[PDB]
Structure formats: structure tokens, C-alpha cells
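Engineer: Have a look at the structure that comes next, please.
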Amino acid sequence: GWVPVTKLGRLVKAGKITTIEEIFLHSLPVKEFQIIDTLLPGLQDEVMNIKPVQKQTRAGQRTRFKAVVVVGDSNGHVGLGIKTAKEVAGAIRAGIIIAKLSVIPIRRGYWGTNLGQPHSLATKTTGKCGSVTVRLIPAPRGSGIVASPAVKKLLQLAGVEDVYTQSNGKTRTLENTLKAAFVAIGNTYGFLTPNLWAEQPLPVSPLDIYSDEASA
Amino acid sequence: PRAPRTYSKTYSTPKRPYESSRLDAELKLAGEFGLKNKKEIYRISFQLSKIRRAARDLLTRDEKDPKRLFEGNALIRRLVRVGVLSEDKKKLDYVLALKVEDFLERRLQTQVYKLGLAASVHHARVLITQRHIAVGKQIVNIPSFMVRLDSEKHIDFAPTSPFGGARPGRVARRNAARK
Amino acid sequence: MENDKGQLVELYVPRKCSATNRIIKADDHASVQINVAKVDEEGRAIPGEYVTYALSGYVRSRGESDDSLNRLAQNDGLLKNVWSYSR
Amino acid sequence: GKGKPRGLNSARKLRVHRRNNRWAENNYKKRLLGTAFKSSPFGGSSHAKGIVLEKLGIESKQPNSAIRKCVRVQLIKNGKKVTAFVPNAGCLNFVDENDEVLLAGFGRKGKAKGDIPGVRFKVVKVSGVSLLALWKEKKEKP
RNA sequence: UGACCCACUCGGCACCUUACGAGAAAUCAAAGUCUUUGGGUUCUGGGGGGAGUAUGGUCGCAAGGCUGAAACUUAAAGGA
RNA sequence: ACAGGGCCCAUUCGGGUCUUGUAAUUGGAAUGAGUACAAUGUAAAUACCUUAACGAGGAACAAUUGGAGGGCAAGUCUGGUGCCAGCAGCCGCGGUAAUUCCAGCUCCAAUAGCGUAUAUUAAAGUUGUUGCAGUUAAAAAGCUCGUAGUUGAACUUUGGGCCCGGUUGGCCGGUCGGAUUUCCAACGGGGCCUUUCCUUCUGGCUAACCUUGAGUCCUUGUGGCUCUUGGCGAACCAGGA
């Protein structure tokens, strides 16, 4: 075995829910992780940085090995988390999950010249953590993935393909860097352009649409 | 003094030098397409990076302005003649979705390979340096040539050459002068 | 958001607080969406039919909401009084 | 309203208040007095000719011990008196007193390298024939 | 009227809470909108010392200030 | 001559038949570096290119210079030394079994060329406009006024209407692999008109049709251009205002 928990778990095992875009519409939580295993399988992992700490005991120095993990596919779906642990083999691992509850859309789209098949972002975004400032900017076609090794990485998994970048921003902080960049793409969706204004009209929540299956 | 004659390098190196990232996609290139040195992957890289902006430059005129169309419709037809991008894609737009790898197939180096007349890619080349292949009745001795689409069908072997004519070829004025 | 030829090219269209036409961005938790209700012409709760509306997180934090709805089902077509556009 | 004048007629007060600032930034210090010609050995250069005196021994700076090999020179110019440093082996041997040597920097500017203290140059040639060879034995000396 | 209560606001002097952001971090509604790198402009620093000394030049009655070297030495000094 | 890395059988050998290989017996072929008749070349020779004669078996006709802890490819081989010699660009070895020194074997890197020192470059987003840092790391002047310097809210024809044509892209290839028409998308661009300066006057200039004196080859016609007469000025000469 999987097994389940909560009203939200049970549903997706059964399969009364299908896509991840249900879940960001009503904007649910997520506690269990299998919740996006069944759905998105495309998903692939990647390990960025394995560093030792340290919390320094009475005749010694303790250590763990922050990893930090990024996950996703191509299509507008990033995942990110940071679980210290001791020994690697919790530390990555129950990083990989840490990221998976944090899957987050993106909102690939056009530079200009509408054309056919999204390559770049919709708009300018920024992010901030402690020090770093990221100014993602939409670039025309295969221009390129203009940035550090790591950012490239994030941004591949999240296709996305092409976009100018810039930092500030101490980016010997692989960890506070990604923290930030992430908090910007996750924020394309958190920016009214004319093409949304056409008022959409609220569906109905899963939490009492399949209310009975959702319980014993 | 005299008109000081004019010249630009073609190469534009990389911004970071070393990477088990981009490196192990050159050696996937060389390789698969013949080539030689890294001073090829970076010639191209330049000449794509060249065209790429004359698009960017435009796009940002309006559309319809005299300059934008003219180049576009002159720009484009320069790439229809070299086979690079299709007919069906040329709006402008689109030339941008052209990666390194499309150009390479229209290098003579390889168009020979496809016109097999060559065991592998290699037997595709000595074959060019050694005066062997020919477009009109005319030899070409340089891998980097760039196939002009409307030639292509005229690609040989020439009279000169040993593999289509004027004589046997050196090592043969030897098996017949020791029985 | 769309292509050259009418192909909605997106993940989704975001849902937008109902009184505040901001946005609701995936992982909000704070996040509500109401399902009040209507009476039928009788002390009977009408079933499988209700109103809707949709709070950000935005305003849960600021006291706001209680006075934001008490604009809206008076402003819609059920309630009478409590509320004033002229304070 | 941060600290700078901003409106339209605020050319005058800007081309001044950068041209002042630049000062301090160290670099633009070298280039106006520029130091390069007056101070330092090479003046406005990169390389030069000199002729050796002694074969001095300079121990270490310390996280180290390391007794390295240095030579005083006599240049063939300001005359400063300089020291300089040798690479490879013993390298020392091949610099036989009052010989002709060809000096260059130490890629650091000014400054002062690794574990050596007041020291700022390397010995490239001798006689003009490499060191590089008069240690991989592609030539020899007169 | 006045004190008061509450409602609202504009301008303060701060504070809590988050972190979507930023950071080496400690922490920060600004240290945010920075490799997706650019709203306006004035100062400053570019290893540690030698030393804010020696020198000149200058303001002061003096204490002293502002200006400000180099030779030499050194693989670390430092931040959290 | 063995060693093999396969294969077809192995009821146990082991052979075997496609293969690299350690070899200290190996034998037939091949050349020019050097030497050198001649021709050449050369004003005159040297050389080159040619070529008769010659010239390859390891002790030759012998390839070196720099390392073999890390950086950084590669010796926890043997011998000596014992914080002394010495090495080491920096981290550092060495104070009795040294993976660093001296040296043997062994291997690694460049290789008719390697090293060595100096200067400069990239590395240097550690001089920076693109691209830095200034809460404590080295740095926001003690704070304010100011002549230069530097920046500086917005607003002064938009829209629409008709044209006509380019040359990319489709649909016919029209044909013994390119010529172009209807069908037709993209896209520029000149007209002209909707209250619409085009410094503008004297000629010559007209170049265009508001002209139309006649008309009709053919798909039962806003598909096709031969001709003088009233009248288009910026297709332009050339003096000025």
C-alpha cells in the first residue's frame, strides 16, 4: 500500500477529481502528498545542493546534511522544499515530498506576436528573500534561459524555454536565491491583465459536491 | 596608404568556459555531424545569433512599415534559398524558432552523406578535401559550404575525379605496372 | 488569454474576490467561498440551489469581511437593513 | 525624494556631484596623479630589463615554514632595489650573479602573492633564453 | 459648546503578524519591487596592516581639524 | 615460443579458428636523414624539386624537457636522510618504516620542442555603462541651504474613407528542374479624399486624365490600349521674394 486521509485524500484515490487545475481553482490545501503522485506522474526530481549545516554537544560538534529539492515536468508546474535531516539516503527523501506539497502553477504565454504555442511568461515578475531580488523578463522566442546554472535548472522544469533575468543579492546563497525566484513565477498568477477581466462566475466546491464517498 | 581592407572574426566564444552541462552537447554534435574543432559550433553559433536580432530589431517596427517588410521579404528569401527554414513557416516571427541543429543538415559536409555516395558521415568529408565531389561541373574543397536549395539535385563526382571518369587513381598506376 | 485561432492556451482562469476584483492565487488555505441560503415560499431550506459569492485571503485579516458582506445578501436581493452606503 | 536633485535644470549639479564622488573609487585614484607613471618600478609598463646583484633567502608569512628563493635587481631605467621571485625546482642555479634577467609582474597588480611578504615580482628569462627551457631542457645557457 | 464614545479620514511618532519577496545570515514593510539585471541624482570602499602617520598645502591664538602618501611588510584580518 | 580474450563440444580432458595480446630466437619486404655522378636552379653558386649510385637490425641512424599529496593527469614502489640537507608559485612535506627532499626502477604530460622569470590580458560582475558593494564584512558626509553639474507631470491630426501597385507565402506549373496568370493570405508602401502648407510667384514642361474625337478583339462585360483640339502643375528647370 497507498491508504488515505482527510476529505481531500480518500477523494483522489477513488478518482472523482482528475486534474491539478479543479484544485488551484477552488485553491485547496494539501497536509498528504500522494494527492499529486496519482494525478501528475510526468513529474521528475532534481537535487541542487547538499551542504552540511550546524547546531554545534558538550564534547563535540553535531551535524546534518539542508538538501534542497526542485520538482516538476515541463508544463507550468513547479515544486519546491527544504528538509534538514540526519545522514542524507530522511533527508533527501522526505525533501522530495516537502517539495511535491508545494507544487505551484505557472502563466507560460506570449512575448508579443501572439503566434502559436507558449514559450515565455505573460508579464514582468519580481520576487524577494532576505537579500536576493529576482528580476524575472519576457524574452522573444528561443532567446535563451539567461541566468545562473541554478535558476536555469528551476526554470527548465517549469518548460517556460526563454526569459531574461537579473540579481542584486548575496547569489552565494544557494537557497535564499531559488527561495525568492520561485516567489515570482508563483505570481504570474497574482496580476490583472485586461484578458482576465471578463468576470468568471464561481463553480462549486468539491468539499460538498462529492460529500458522501468523502467519510465512512 | 590605399583603402585599408575590412574584416570581421566570425566566432563568438563562450560566456562561461567550463560544464559535465553543455559540453557533453558538442562532442552531442561534432560527432554525429562529421565537424572538427569547437571553432565551428562556434561559427554557426554566431550567424544564428546574427540573424536572430534583425527579427528582434523589427517585430518593435509598426507592422506594415517599409523597412520591416522591405527586409523580411528579401531577409526571409535568403533562407528559403539555403532549406534552412521551410515553404509552408515564413511569416517572419517564427525565423527566431531556428536552433543550431537545422543549419547543420544544409552543410555539404553531411548534404553528401544524405545522395548517399559515402559510407558514413568521415567517408563523407576525406571525400570533399580530396577534390572528389562538384555542383555544376564545379569542384567544391571545403566542408562548410552551405547548401543552396536549388542547386542539391546537382550534387556530384566530376570528370577531373577518380570516382567518375578521368582515370583510375594513383594506387591502381602501380597494380598494373607490377602484374 | 488565447492563440491566433481561438484556442484557450492556459492552465486555468483564476477565481478574484467578490467587494474586491483582486485575485485568488492557488495556496491560500486563508480562503472561503460561501454556500449561504435561499427561502422557497414557505421555514424550509432550498436544496441543491444557493448563493454564490468568495473571500480572498486578503481581508479576513482586517475585520473587513463582516461589513463587506453585510455590503452584499442585502445588496443582492434577500436582506433588508443593518446596512449603509451613507455613513 | 532621495538624496539627489532630480528636475530638468539639474544638468550642472550632476556632472559635478559624479566627478566628485568619483574620487575615493580607488581605481579612477591610480588613474589621475597616474601614480602607474611616477611611483612603482615599471612606471607605465609591462616588462623589464634588469641585472642581478645577491641570491637572497626569504622565509615563509604564517600558517606555513618555507625558506623561498628570491633575487635582488638594476633596472635598466630607474635603477630601484626591488626583490623578485623564482620558479619550478632549483631554477636558482641558472641565475649566476650579475647576469641579465627579464622581469615581469605577479597577475596581482601592486599587490603582494600567496605566502610571501614586501614582494612583487617573477623571473620570466635569463641571458633572454626562457628558464621555463633552462628547466625543461629545450636550450641551455652561454 | 467642552470633555468623552464611536464612525471615518489626511499627516505624523512608533508596534505587532506574516512572508508572496529579499538576504551570508541575525533579520528587513522596507535591507521588498535586482542575473526576468536600468524611475531621478550627491557622497563613499575595493585584501590585512604600515597609518589617518610622514609629508607638502591650508583653516586655528593654541589645542587641532580638513586634505592625504609611499617604502616596507603579510596569507589572512574579518561577518553571521 | 608460449599467455590468452571468444567459441563449435564440455560423460572431466581441453583443445580450438575468430581473435587481441606478453615476445630477450624471429625472417622476408619499405625508405630518407645523410652522403653524392648528372641534369636542373642560379647573374654566380648554395638549397629546394629530380634522381645513378650508395644508406636500418637495437650496442642503431639511440627524442627531449618537466611532474608523478593536493590544486591537477599519474607510484601509499624500492633504496639512502633523520625539523638536518634540501623541496614547496599556495596549502605544506622532512624530528627512523618520507605517496613531496637525493637517487634507482616504474609510470603521467607536452612533445622538435619544453620549461623559467617578467610585463600584460582573459579569468575580473575583485572597476562595474552593460554588471558590483556601502545595517554589522572596507564603505551614507554631522545636518541643512545653494552657483555650476544632472534630471525634469501632461497637452497642440487622431480616426476613418477609398484607391492602385509591389514580393515573400499558398493554389495551379502554363512545360521540353525555372518562366506567370486567375484563385488567394501576409506584409510593407506611394497616392488622393473626408474643414487638411505644397518657401511660392514669372515662364517654359507639361507627366497625368476631369479628357473623348473614332470605336469595339472576344467569357451570351468597369475583364483589354493604339488617338488631337478646350482642360492637372510641384514629374523642374531658374531667377528672385
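Ligands are numbered from 1 in the order shown, chains are lettered A, B, ... in the order of the C-alpha cells, and residues start at 1 in each chain.
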Tell me, as a PyMOL selection string, which residues lie within 8 Å of range 93-100 of chain A, counting only C-alpha atoms (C1' of nucleotides); anything in the same chain fewer than 5 positions away does not count.
Structural biologist: chain A and resi 33+36+45+67-71+79-83
Engineer: Can you write out the residues you just picked, keeping N, CA, C and O atoms, as a PDB file, in the first residue's frame?
Structural biologist:
ATOM      1  N   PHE A  33       0.607  13.737   0.396  1.00  0.00           N
ATOM      2  CA  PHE A  33       1.379  14.026  -0.813  1.00  0.00           C
ATOM      3  C   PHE A  33       0.947  13.210  -2.039  1.00  0.00           C
ATOM      4  O   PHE A  33       0.974  13.722  -3.160  1.00  0.00           O
ATOM      5  N   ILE A  36      -0.851  14.253  -5.491  1.00  0.00           N
ATOM      6  CA  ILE A  36      -0.342  14.701  -6.783  1.00  0.00           C
ATOM      7  C   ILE A  36       0.648  13.710  -7.405  1.00  0.00           C
ATOM      8  O   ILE A  36       1.318  14.023  -8.389  1.00  0.00           O
ATOM      9  N   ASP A  45      12.393  14.604 -10.475  1.00  0.00           N
ATOM     10  CA  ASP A  45      13.149  15.268  -9.409  1.00  0.00           C
ATOM     11  C   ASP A  45      14.519  15.791  -9.848  1.00  0.00           C
ATOM     12  O   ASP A  45      14.992  15.501 -10.950  1.00  0.00           O
ATOM     13  N   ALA A  67      18.875  18.598   2.360  1.00  0.00           N
ATOM     14  CA  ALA A  67      19.095  19.052   0.990  1.00  0.00           C
ATOM     15  C   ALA A  67      18.082  20.136   0.619  1.00  0.00           C
ATOM     16  O   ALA A  67      17.334  20.616   1.474  1.00  0.00           O
ATOM     17  N   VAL A  68      18.084  20.533  -0.651  1.00  0.00           N
ATOM     18  CA  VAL A  68      17.040  21.390  -1.206  1.00  0.00           C
ATOM     19  C   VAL A  68      16.638  20.816  -2.565  1.00  0.00           C
ATOM     20  O   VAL A  68      17.500  20.527  -3.399  1.00  0.00           O
ATOM     21  N   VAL A  69      15.336  20.634  -2.781  1.00  0.00           N
ATOM     22  CA  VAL A  69      14.853  19.865  -3.932  1.00  0.00           C
ATOM     23  C   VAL A  69      13.842  20.636  -4.774  1.00  0.00           C
ATOM     24  O   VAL A  69      12.981  21.343  -4.248  1.00  0.00           O
ATOM     25  N   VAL A  70      13.966  20.470  -6.091  1.00  0.00           N
ATOM     26  CA  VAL A  70      13.067  21.069  -7.069  1.00  0.00           C
ATOM     27  C   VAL A  70      12.435  19.973  -7.920  1.00  0.00           C
ATOM     28  O   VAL A  70      13.119  19.040  -8.343  1.00  0.00           O
ATOM     29  N   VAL A  71      11.140  20.100  -8.189  1.00  0.00           N
ATOM     30  CA  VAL A  71      10.409  19.079  -8.934  1.00  0.00           C
ATOM     31  C   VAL A  71       9.440  19.686  -9.919  1.00  0.00           C
ATOM     32  O   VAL A  71       9.070  20.854  -9.812  1.00  0.00           O
ATOM     33  N   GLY A  79       7.729  22.530  -8.218  1.00  0.00           N
ATOM     34  CA  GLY A  79       7.690  22.063  -6.839  1.00  0.00           C
ATOM     35  C   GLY A  79       8.967  22.436  -6.115  1.00  0.00           C
ATOM     36  O   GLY A  79      10.057  22.328  -6.679  1.00  0.00           O
ATOM     37  N   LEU A  80       8.824  22.870  -4.863  1.00  0.00           N
ATOM     38  CA  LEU A  80       9.965  23.242  -4.008  1.00  0.00           C
ATOM     39  C   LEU A  80       9.954  23.141  -2.473  1.00  0.00           C
ATOM     40  O   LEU A  80       9.018  23.611  -1.825  1.00  0.00           O
ATOM     41  N   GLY A  81      10.986  22.520  -1.899  1.00  0.00           N
ATOM     42  CA  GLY A  81      11.062  22.333  -0.442  1.00  0.00           C
ATOM     43  C   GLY A  81      12.480  22.219   0.097  1.00  0.00           C
ATOM     44  O   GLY A  81      13.435  22.086  -0.674  1.00  0.00           O
ATOM     45  N   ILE A  82      12.612  22.279   1.428  1.00  0.00           N
ATOM     46  CA  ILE A  82      13.926  22.210   2.095  1.00  0.00           C
ATOM     47  C   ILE A  82      13.899  21.470   3.452  1.00  0.00           C
ATOM     48  O   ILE A  82      13.778  22.082   4.518  1.00  0.00           O
ATOM     49  N   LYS A  83      14.018  20.145   3.387  1.00  0.00           N
ATOM     50  CA  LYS A  83      14.155  19.283   4.565  1.00  0.00           C
ATOM     51  C   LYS A  83      15.560  18.690   4.537  1.00  0.00           C
ATOM     52  O   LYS A  83      16.528  19.372   4.187  1.00  0.00           O
TER      53      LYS A  83
END
Engineer: List every residue of range 1-80 of chain B that DSSP, applied to the backbone of this structure, assigns to helix (DSSP H, G or I), and report them as a short mmCIF file (atom, residue, chain, number, x, y, z; two decimals) with N, CA and C atoms, in the first residue's frame.
Structural biologist:
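Printed below is selection_6.cif as written:
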data_model
loop_
_atom_site.label_atom_id
_atom_site.label_comp_id
_atom_site.auth_asym_id
_atom_site.auth_seq_id
_atom_site.Cartn_x
_atom_site.Cartn_y
_atom_site.Cartn_z
N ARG B 43 31.26 29.10 -35.10
CA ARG B 43 30.89 29.90 -36.27
C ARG B 43 29.37 30.03 -36.38
N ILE B 44 28.69 28.92 -36.64
CA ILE B 44 27.24 28.91 -36.83
C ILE B 44 26.53 30.01 -36.05
N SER B 45 27.58 29.14 -33.99
CA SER B 45 26.61 29.81 -33.14
C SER B 45 26.42 31.30 -33.47
N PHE B 46 27.49 31.97 -33.92
CA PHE B 46 27.44 33.40 -34.23
C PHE B 46 26.33 33.70 -35.25
N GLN B 47 26.49 33.23 -36.48
CA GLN B 47 25.50 33.51 -37.52
C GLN B 47 23.99 33.27 -37.38
N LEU B 48 23.61 32.47 -36.38
CA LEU B 48 22.23 32.41 -35.94
C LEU B 48 22.02 33.60 -35.03
N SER B 49 22.92 33.76 -34.06
CA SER B 49 22.88 34.89 -33.15
C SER B 49 22.90 36.21 -33.93
N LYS B 50 23.50 36.19 -35.12
CA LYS B 50 23.39 37.32 -36.06
C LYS B 50 21.95 37.55 -36.50
N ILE B 51 21.41 36.66 -37.32
CA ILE B 51 20.05 36.83 -37.84
C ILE B 51 19.08 37.18 -36.71
N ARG B 52 19.19 36.43 -35.61
CA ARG B 52 18.20 36.46 -34.54
C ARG B 52 17.68 37.84 -34.15
N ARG B 53 18.54 38.85 -34.18
CA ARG B 53 18.14 40.19 -33.76
C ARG B 53 17.44 40.98 -34.85
N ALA B 54 17.82 40.78 -36.10
CA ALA B 54 17.25 41.57 -37.19
C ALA B 54 15.75 41.30 -37.22
N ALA B 55 15.37 40.16 -36.65
CA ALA B 55 13.99 39.91 -36.25
C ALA B 55 13.64 40.77 -35.03
N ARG B 56 14.29 40.50 -33.90
CA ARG B 56 14.02 41.26 -32.66
C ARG B 56 13.92 42.74 -33.01
N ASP B 57 14.99 43.26 -33.61
CA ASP B 57 15.06 44.63 -34.10
C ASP B 57 13.74 45.09 -34.73
N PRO B 66 7.54 50.34 -44.23
CA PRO B 66 8.52 49.97 -45.25
C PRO B 66 9.80 49.16 -45.04
N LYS B 67 10.50 49.47 -43.95
CA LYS B 67 11.74 48.80 -43.63
C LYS B 67 11.44 47.36 -43.25
N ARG B 68 10.50 47.18 -42.33
CA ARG B 68 10.19 45.86 -41.77
C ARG B 68 9.89 44.83 -42.85
N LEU B 69 9.05 45.21 -43.81
CA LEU B 69 8.71 44.32 -44.92
C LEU B 69 9.84 44.23 -45.93
#
Engineer: Please identify all residues of chain E having at least one atom at most 12 Å from any atom of chain A, considering only C-alpha atoms (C1' of nucleotides), and return them as a ChimeraX atom specification.
Structural biologist: /E:19-28,30-38
Engineer: With a distance threshold of 10 Å and counting only C-alpha atoms, extract the residues of chain B near chain A and express them as a ChimeraX atom specification.
Structural biologist: /B:19,21,49,52-53,55-56,59-60,91,93-99
Engineer: Any idea what's packed within 10 Å of residue 82 in chain C, counting only C-alpha atoms (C1' of nucleotides), ignoring anything in its chain fewer than 5 positions away? Could you give it as a PDB file with N, CA, C and O atoms, in the first residue's frame?
Structural biologist:
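As written to disk, part.pdb reads:
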ATOM      1  N   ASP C  67     -18.374  43.447   7.393  1.00  0.00           N
ATOM      2  CA  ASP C  67     -19.004  44.636   6.843  1.00  0.00           C
ATOM      3  C   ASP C  67     -19.039  44.606   5.310  1.00  0.00           C
ATOM      4  O   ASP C  67     -19.834  45.325   4.695  1.00  0.00           O
ATOM      5  N   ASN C  70     -22.255  42.221   4.755  1.00  0.00           N
ATOM      6  CA  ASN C  70     -23.455  42.880   5.331  1.00  0.00           C
ATOM      7  C   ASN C  70     -24.008  44.009   4.448  1.00  0.00           C
ATOM      8  O   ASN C  70     -23.554  45.159   4.520  1.00  0.00           O
ATOM      9  N   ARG C  71     -21.714  44.564   2.649  1.00  0.00           N
ATOM     10  CA  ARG C  71     -22.495  45.263   1.642  1.00  0.00           C
ATOM     11  C   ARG C  71     -23.425  44.304   0.911  1.00  0.00           C
ATOM     12  O   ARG C  71     -24.590  44.617   0.678  1.00  0.00           O
ATOM     13  N   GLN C  74     -28.064  41.583   1.191  1.00  0.00           N
ATOM     14  CA  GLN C  74     -28.875  42.799   1.196  1.00  0.00           C
ATOM     15  C   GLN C  74     -28.694  43.521  -0.135  1.00  0.00           C
ATOM     16  O   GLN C  74     -29.666  43.839  -0.820  1.00  0.00           O
TER      17      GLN C  74
END
Engineer: Which residues of chain E are close to chain C, meaning at most 12 Å apart when you count only C-alpha atoms (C1' of nucleotides), and how do they look as a VMD selection string?
Structural biologist: chain E and resid 7 to 8 17 to 18 20
Engineer: Sorted by chain and rising residue number, which residues of chain D lie within 8 Å of chain F, and what are their closest atom pairs and distances in Å to one decimal, counting only C-alpha atoms (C1' of nucleotides), as a tab-separated table?
Structural biologist:
residue	atom	partner	partner_atom	distance
D:5	CA	F:151	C1'	7.4
D:6	CA	F:151	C1'	4.6
D:7	CA	F:152	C1'	3.6
D:8	CA	F:152	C1'	3.3
D:9	CA	F:151	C1'	6.8
D:10	CA	F:150	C1'	4.4
D:11	CA	F:150	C1'	3.6
D:12	CA	F:149	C1'	2.4
D:13	CA	F:149	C1'	3.1
D:14	CA	F:150	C1'	3.6
D:15	CA	F:149	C1'	4.1
D:16	CA	F:149	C1'	4.5
D:17	CA	F:149	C1'	6.8
D:27	CA	F:127	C1'	6.3
D:45	CA	F:119	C1'	6.6
D:46	CA	F:119	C1'	3.2
D:47	CA	F:119	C1'	3.2
D:48	CA	F:118	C1'	6.3
D:64	CA	F:92	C1'	6.9
D:66	CA	F:88	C1'	7.1
D:85	CA	F:117	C1'	7.9
D:86	CA	F:117	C1'	6.4
D:87	CA	F:116	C1'	6.1
D:88	CA	F:116	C1'	7.2
D:89	CA	F:87	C1'	7.4
D:91	CA	F:116	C1'	6.6
D:101	CA	F:117	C1'	7.4
D:102	CA	F:118	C1'	5.2
D:103	CA	F:118	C1'	2.8
D:104	CA	F:118	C1'	2.2
D:105	CA	F:119	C1'	5.6
D:114	CA	F:90	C1'	5.5
D:115	CA	F:90	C1'	6.5
D:121	CA	F:118	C1'	7.3
D:122	CA	F:117	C1'	5.1
D:123	CA	F:117	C1'	2.2
D:124	CA	F:117	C1'	2.0
D:125	CA	F:117	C1'	4.7
D:126	CA	F:117	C1'	7.4
D:130	CA	F:116	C1'	5.6
D:131	CA	F:116	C1'	2.8
D:132	CA	F:115	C1'	2.9
D:133	CA	F:115	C1'	4.2
D:134	CA	F:116	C1'	6.5
D:135	CA	F:115	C1'	4.7
D:136	CA	F:65	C1'	3.5
D:137	CA	F:65	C1'	4.8
D:138	CA	F:114	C1'	5.7
Engineer: Just the selected residues (N, CA and C atoms), exported as a compact mmCIF listing (two decimals), in the first residue's frame, please.
Structural biologist:
# COMPACT_ATOMS: atom_id res chain seq x y z
N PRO D 5 19.26 65.81 -6.79
CA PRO D 5 18.41 66.92 -7.22
C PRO D 5 17.29 66.59 -8.22
N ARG D 6 17.42 65.49 -8.94
CA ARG D 6 16.40 65.05 -9.89
C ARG D 6 16.36 65.93 -11.12
N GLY D 7 15.04 68.14 -10.89
CA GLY D 7 14.14 68.23 -12.04
C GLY D 7 14.86 68.19 -13.38
N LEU D 8 14.68 69.24 -14.19
CA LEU D 8 15.24 69.26 -15.53
C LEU D 8 16.59 69.98 -15.55
N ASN D 9 16.61 71.20 -15.03
CA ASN D 9 17.85 72.00 -14.97
C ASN D 9 18.71 71.60 -13.77
N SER D 10 19.14 70.34 -13.73
CA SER D 10 19.91 69.85 -12.60
C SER D 10 21.12 69.03 -13.02
N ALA D 11 20.95 70.11 -15.52
CA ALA D 11 22.23 69.43 -15.59
C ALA D 11 23.47 69.68 -14.67
N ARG D 12 23.80 70.96 -14.49
CA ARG D 12 25.07 71.39 -13.90
C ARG D 12 25.49 70.59 -12.68
N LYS D 13 24.57 70.46 -11.74
CA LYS D 13 24.88 69.91 -10.43
C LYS D 13 25.06 68.37 -10.42
N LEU D 14 24.95 67.72 -11.58
CA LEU D 14 25.19 66.28 -11.66
C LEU D 14 26.56 65.92 -12.19
N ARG D 15 26.94 66.44 -13.36
CA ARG D 15 28.28 66.18 -13.91
C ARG D 15 29.37 66.53 -12.89
N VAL D 16 29.02 67.35 -11.90
CA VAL D 16 29.87 67.56 -10.74
C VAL D 16 29.62 66.48 -9.67
N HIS D 17 28.52 66.58 -8.91
CA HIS D 17 28.32 65.72 -7.73
C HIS D 17 28.43 64.23 -8.06
N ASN D 27 40.06 53.21 -8.17
CA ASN D 27 40.68 52.99 -9.47
C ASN D 27 40.89 54.27 -10.27
N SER D 45 54.47 50.47 -17.45
CA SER D 45 54.75 49.20 -18.09
C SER D 45 54.47 48.11 -17.06
N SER D 46 54.93 46.61 -19.83
CA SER D 46 54.69 45.68 -18.72
C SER D 46 55.97 45.11 -18.14
N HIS D 47 56.97 44.92 -19.01
CA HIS D 47 58.13 44.11 -18.69
C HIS D 47 59.45 44.86 -18.66
N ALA D 48 60.40 44.32 -17.89
CA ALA D 48 61.77 44.82 -17.81
C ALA D 48 62.60 44.01 -16.82
N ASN D 64 52.05 28.76 7.37
CA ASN D 64 53.07 27.87 6.80
C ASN D 64 53.92 26.84 7.54
N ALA D 66 58.97 27.73 5.11
CA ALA D 66 59.27 27.57 3.69
C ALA D 66 60.36 28.56 3.27
N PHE D 85 61.14 36.99 -7.49
CA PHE D 85 60.94 35.59 -7.13
C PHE D 85 61.14 34.65 -8.31
N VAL D 86 61.62 33.45 -8.00
CA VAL D 86 61.97 32.45 -8.99
C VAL D 86 60.98 31.29 -8.94
N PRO D 87 60.60 30.75 -10.11
CA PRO D 87 60.02 29.42 -10.18
C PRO D 87 61.03 28.40 -10.71
N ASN D 88 59.23 26.41 -10.20
CA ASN D 88 59.97 25.21 -10.53
C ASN D 88 61.13 24.92 -9.57
N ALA D 89 61.71 23.74 -9.75
CA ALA D 89 62.79 23.21 -8.91
C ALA D 89 63.33 23.75 -7.58
N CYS D 91 66.58 26.17 -11.04
CA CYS D 91 65.86 27.43 -11.22
C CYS D 91 66.65 28.56 -10.57
N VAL D 101 68.67 39.41 -16.59
CA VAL D 101 67.36 38.79 -16.34
C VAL D 101 66.19 39.67 -16.80
N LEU D 102 65.12 39.01 -17.23
CA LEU D 102 63.95 39.65 -17.81
C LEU D 102 62.75 39.49 -16.88
N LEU D 103 62.35 40.59 -16.26
CA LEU D 103 61.33 40.58 -15.21
C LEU D 103 59.93 40.99 -15.69
N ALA D 104 58.92 40.49 -14.98
CA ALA D 104 57.50 40.79 -15.24
C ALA D 104 56.71 40.74 -13.93
N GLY D 105 55.39 40.90 -14.01
CA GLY D 105 54.55 41.02 -12.82
C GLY D 105 54.38 39.77 -11.98
N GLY D 114 50.28 35.19 -2.36
CA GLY D 114 50.29 33.96 -1.57
C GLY D 114 50.95 34.06 -0.20
N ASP D 115 52.07 33.36 -0.03
CA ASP D 115 52.72 33.25 1.28
C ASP D 115 53.99 34.09 1.43
N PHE D 121 57.49 40.64 -7.69
CA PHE D 121 57.87 40.07 -8.97
C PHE D 121 58.72 38.84 -8.70
N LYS D 122 57.95 38.22 -11.22
CA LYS D 122 58.67 36.95 -11.29
C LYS D 122 59.79 37.03 -12.31
N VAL D 123 60.73 36.10 -12.24
CA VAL D 123 61.77 35.99 -13.25
C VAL D 123 61.23 35.13 -14.39
N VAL D 124 60.97 35.75 -15.54
CA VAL D 124 60.41 35.04 -16.69
C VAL D 124 61.48 34.20 -17.37
N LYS D 125 63.09 35.68 -18.00
CA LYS D 125 64.10 34.96 -18.77
C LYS D 125 65.46 35.16 -18.10
N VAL D 126 66.51 34.55 -18.66
CA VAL D 126 67.89 34.92 -18.31
C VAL D 126 68.74 34.97 -19.56
N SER D 130 64.45 31.80 -20.96
CA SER D 130 63.04 31.42 -21.11
C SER D 130 62.35 31.51 -19.75
N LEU D 131 64.47 29.79 -18.93
CA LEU D 131 64.02 29.41 -17.60
C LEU D 131 62.95 28.32 -17.68
N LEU D 132 61.82 28.64 -18.30
CA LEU D 132 60.71 27.69 -18.48
C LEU D 132 60.86 26.17 -18.68
N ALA D 133 62.82 26.93 -20.57
CA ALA D 133 63.70 25.91 -21.13
C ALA D 133 64.91 25.59 -20.23
N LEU D 134 65.49 26.60 -19.58
CA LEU D 134 66.72 26.44 -18.79
C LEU D 134 66.47 25.91 -17.38
N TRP D 135 64.37 24.85 -17.71
CA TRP D 135 64.13 23.87 -16.69
C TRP D 135 63.49 22.62 -17.31
N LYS D 136 62.99 22.75 -18.55
CA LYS D 136 62.56 21.60 -19.35
C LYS D 136 63.60 21.23 -20.42
N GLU D 137 64.78 21.83 -20.32
CA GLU D 137 65.94 21.47 -21.15
C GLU D 137 65.65 21.45 -22.65
N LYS D 138 65.09 22.55 -23.15
CA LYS D 138 64.94 22.78 -24.59
C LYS D 138 66.08 23.65 -25.13
Engineer: Have a look at A:215, A:57, A:84, A:205 and name the one nearest to chain C; count only C-alpha atoms.
Structural biologist: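 Ranking A:215, A:57, A:84, A:205 by distance to chain C, first place goes to A:205.
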Engineer: In range 62-207 of chain A, what's strand (DSSP E or B) per DSSP? Answer as a ChimeraX atom specification?
Structural biologist: /A:69-72,78-81,104,109,120,127,134
